[PDB]
Amino acid sequence: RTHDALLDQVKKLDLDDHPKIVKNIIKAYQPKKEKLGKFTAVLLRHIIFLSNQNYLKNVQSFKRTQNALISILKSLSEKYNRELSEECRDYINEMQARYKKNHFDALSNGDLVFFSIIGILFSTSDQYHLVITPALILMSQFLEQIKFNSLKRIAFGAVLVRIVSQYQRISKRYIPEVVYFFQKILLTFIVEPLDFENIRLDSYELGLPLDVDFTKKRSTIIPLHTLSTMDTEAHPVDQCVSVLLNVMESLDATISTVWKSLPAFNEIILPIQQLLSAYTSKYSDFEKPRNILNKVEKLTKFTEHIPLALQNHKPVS
Amino acid sequence: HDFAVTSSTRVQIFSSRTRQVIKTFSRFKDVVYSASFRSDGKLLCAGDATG
Amino acid sequence: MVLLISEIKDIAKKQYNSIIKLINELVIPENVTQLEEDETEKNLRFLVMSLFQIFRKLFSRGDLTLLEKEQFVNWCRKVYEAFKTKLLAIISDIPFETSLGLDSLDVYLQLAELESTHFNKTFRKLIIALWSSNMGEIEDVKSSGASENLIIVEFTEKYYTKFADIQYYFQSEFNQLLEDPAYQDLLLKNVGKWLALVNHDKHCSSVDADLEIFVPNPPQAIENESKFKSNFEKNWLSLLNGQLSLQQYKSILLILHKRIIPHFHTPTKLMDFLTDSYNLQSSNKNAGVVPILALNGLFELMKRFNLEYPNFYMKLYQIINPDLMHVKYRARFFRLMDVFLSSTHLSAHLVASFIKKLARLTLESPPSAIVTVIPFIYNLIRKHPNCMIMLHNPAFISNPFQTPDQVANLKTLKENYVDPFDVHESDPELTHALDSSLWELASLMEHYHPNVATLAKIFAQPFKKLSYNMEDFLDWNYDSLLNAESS
Amino acid sequence: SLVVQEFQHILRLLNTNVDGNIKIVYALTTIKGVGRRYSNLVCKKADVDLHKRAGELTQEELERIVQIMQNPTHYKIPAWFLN
Amino acid sequence: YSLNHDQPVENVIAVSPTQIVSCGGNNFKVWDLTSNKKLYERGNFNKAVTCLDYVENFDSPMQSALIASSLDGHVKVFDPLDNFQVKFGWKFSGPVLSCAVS
Amino acid sequence: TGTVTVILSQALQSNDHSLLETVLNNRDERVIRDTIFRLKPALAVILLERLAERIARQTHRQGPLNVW
């Protein structure tokens, strides 16, 4: 309770399966200010640590207790926000200390799940926030400055794209960085080239050959990041097409939520349009890309595509 | 015996034997752009940056 | 140990014979350091440092104090043996022995002072030793810098940046040593050593500050600044002709742009080098960014003297790319953009081409690059108000107070409208960017960051001012933005 | 066919905002606290042409003006002239 | 009718009642109106030509002279009677913007 | 490498006597060979004509100019 390490040791000694139960009992005893703020600090640190350490238990024995912990966090966040924001700021500062010390060697699926829970909990629709907007630009920097050269980084980008898709389905904003991420991922997947050299990718080793069945039984998004990101070094074409379809589905969801309202979706998608046309000319059996092209063509037909009226203001009296 | 030169908000008339600033024009607001004499050698016209 | 006992004996002291024996022991310390290459006396080298201090004290005593020909020959031989032992310890210090290198450098400097006061060849031998020295982490530091040495970097940072006379004789002896064939190849191998020795920005030709004198009697080291320029230019032409790599290439481009120009005397040879650099366009993604500083040098070259580069704005249109956004020199490149596009003979076609290229760039560009490009766009539009039609067409806007015939005509015009801008067209004058509006600036309106969105609202609102302070709104980064937001 | 050159609008000077579209002596007069021949002779001592507009006078002679006027006694300014 | 000077023309000078000069960009084309076509063209200039004037029937060994300044202090004197052949030149360090003759 | 090809070509396209003098002041044979290798044929021809007229004007200048 008083110390994060001490309370983590107590929870581990009691049980990893019912650390949520032990912490809930302790918090109920305590609520019955500073004590509960320290409990919130230790609970956030402990759930991040658990996400970093272990996910071997299945949905029926680990996801249930994780969701119980999430509910306890919802209760303590509905009861307290100031201490939670302060520890969020500290957690930031330590993230960027880690990142400046090691650009890629000091990140965590714990940071990713922290971002996800922050987005789920807070009123993400706010234009400016002491927590959301800082973490928003931190997430942008995370997805942009990472030297994309491996499938674990690709999956990190994919989960970041999913969380910002939630962000801009509840907020409806636009990210040129996620556009660049999509273009870079497509180019590094189909590098195997002559039509795209301004994207400046990093890795010349991974591609996409014509040995995929792309069926429904073929591995879907099914994101087990706490396992996929650490077993992704073994690289089958099934895993490659699964992550490709994951990023493509997130791209389509972002389109259908915000980018239809985006006025320049046509010129946003033009590089993606060329990449997907190359996809179709190379494979000729990609139904989801076909539907994406149909949707973009529909948007081009329905958009005004007319010169704007930016400098049209009313006269002064 | 004389010629006109444009400059910053300033039109200068110089002589030939003296080659000195003979006449000064500074009633412009912004920099002048063009200067031209008439065939009769009396009127000089200047195009400025005010239109 | 034995070194300390010899030190005590020499301090207490046949005094010439004892000093000769101590000098022989300090020359045997070259073999001690050779064995130290495998293990520096259990990786401590404390005895070696004590022996070096003893040798320095003995050399000082010998310089203070000293068959006259035989005695002078013996004293000079002992002093030269100590200096050569220090030079060999510095040269063969493949292992990173910081204390041993520092002791060797201090002993060599003291011996050089004593020789200059009582006895140039010692200087060239010292430089030969320092350049024959090589370390694994020192050879071609690729992430940053030129050569992450130890001995030559400390030599520069506490010995070269202080004495202008030593700088003058320094460059003269490099000219001599480069005329020397084998050591010319030595410099060719250790190019980055000179880069690390020269990027320190406090050289003699920098008349902004003054450098104090090492030798009590400087032998006419202020004979000619143009002679200093000639030595600088000869050394630099030799090094740029020999053994160039990518990181050293970028570093020499930076030092040329910022520091060499005050120190160089063959600007036409710099012209040829810089135009080769700017026309250097290959498939290397790492070598495709040199044209930035290459054009920086070329343009300051054009300013210093009036020469040409054909299809200049053609090359700018070609060179503008998102790789510029991804590289970290885009701040200086935007200063360059200011000083090019500030001309008064540019046209609507050129400004429209550049603004549309930058609009696609800000459609796909990082937010720091967005806040760098916003002031440029605003100032460019304000300077050339001819692009108000593409900012908002007056024919495409509607009004209730006009006839249904014109309503139908406007509807048909909107139906038959098409965007005619061409991206692949390398001619800024030929790209029909006048008709193309900025849906990309509309997306910038619909950005996500609050500060960027406010800058977008500034774009949308009518242009009331001219001064936008490009410098203050020019250098921004992710970390800087986070610091500002937290503050 | 690019050409290079070397003008300023309303600009700040000693926390006072004065236009670049007015003659130099009288811009310095409208600088608060100082007056007619104060401005005239500070221009004279700064050694600039008196027929110019404040769009001219780039920053180095601008700062000579500032330093001379803010150190008047150190430039042989007579006490009976001082305020 | 129009006669094409592809690069941006910055000067048009009616040198003669039948001939004109288009002075723009690096080169300059001397056209004739009656033939509606360029009699000659000279591209002997270094950068874009910035100014061009003409003088005729004055006290000189050469009857007519054509001056052109091309942004280098580089002023060059040609002559229409010699098909605008190089006759003289001066170079002034500052890039000249205008030139003229009495 | 250290050639002066672009300056030679510019001077020959616009025959600036001062610039051509400053660029012929040099005497490095490797640079001479590199220039004339990366020089245009007709431009080098008119360059040779310029060298001829300068040797005629100042035969004292022809010393290092005898190898151009």
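We just call them A, B, C, D, E and F in the order they show up, numbering each chain from 1.
As a convention for this text, a contact is a pair of C-beta atoms (placed from the backbone, for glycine too) under 8 Å apart; a residue touches a chain by one contact, two chains touch by 3 or more.
Which protein is which chain? UniProt says C = Nucleolar complex protein 4.
Chain centres computed from CA atoms place A at the largest separation from chain D. For chain F, the chain with the farthest CA centroid is A. Chain A and chain D have Cα centroids separated by 59 Å. The mean-CA centres of chain C (Nucleolar complex protein 4) and chain D are about 40 angstrom from one another, to the nearest whole unit. Each chain gets one centre point, the mean of its Cα atoms, and the points for chain A and chain E are 66 Å apart.
We define each chain's centre as the mean of its Cα atoms; on that basis chain B and chain C (Nucleolar complex protein 4) are separated by 49 Å.
Shown for chain F are the residues in touch with two or more other chains, namely 10. Not a single residue position of chain A touches two or more of the other chains. Under the contact definition stated at the top, not a single residue of chain B touches 2 or more other chains.
Partner chain C (Nucleolar complex protein 4) is touched in their complex by these residues of chain F: 1-7, 10, 22-23.
Across the complex, chain E meets chain C (Nucleolar complex protein 4) through its residues 8, 46-47, 71-72, 93, 95. Those residues of chain B that touch chain D in the complex are listed here as 8-9, 24, 26, 29, 31. The part of chain D that touches chain E in the complex is made up of residues 1, 3. Residues 7, 21, 51, 53, 55-56 of chain D touch chain B in their complex.
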